[PDB]
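Participant: Have a look at this one before I ask anything.
Here the Cβ positions follow ideal geometry from the backbone for every residue, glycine too, while neighbour counts run over all protein chains shown. Each reported figure results from applying straightforward, stated rules to the coordinates on display, with no laboratory input.
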Amino acid sequence: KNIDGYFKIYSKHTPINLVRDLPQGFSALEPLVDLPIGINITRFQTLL
Amino acid sequence: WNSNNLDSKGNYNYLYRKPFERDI
């Protein structure tokens, strides 16, 4: 997310045993990175 | 502070066009 020119990144990792869908159970994402970049964002694209 | 001894000549290079956003 973007707030006041900060770009904020949160993350989590877990094992999974259903291939089809995201897990029905609950887990929460701790912060990892926070960048003071001051940039307009309206599009994104992943990289493989 | 006034930088009148450093940045004056005149000097025409110094340019003007949400918080902390750089509109380049």
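Participant: Which order do B:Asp23, B:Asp7 fall in if you start with the one that has the fewest other Cβ atoms within 10 Å? Walk me through the intermediate numbers first.
Facilitator: Values: B:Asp23 6, B:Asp7 11.
The order, fewest Cβ neighbours first, is B:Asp23, B:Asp7.
Participant: Let me ask something additional. Where the Cα atoms of chain A are projected onto their three principal axes, how long is each span, largest first, in whole Å?
Facilitator: 40, 23, 17
Participant: Follow-up. Give the order of A:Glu30, B:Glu21 when sorted by the count of other beta carbons within 10 angstrom, beginning with the fewest.
Facilitator: Values: A:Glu30 7, B:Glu21 12.
With the fewest neighbours first, A:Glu30, B:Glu21 line up as A:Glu30, B:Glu21.
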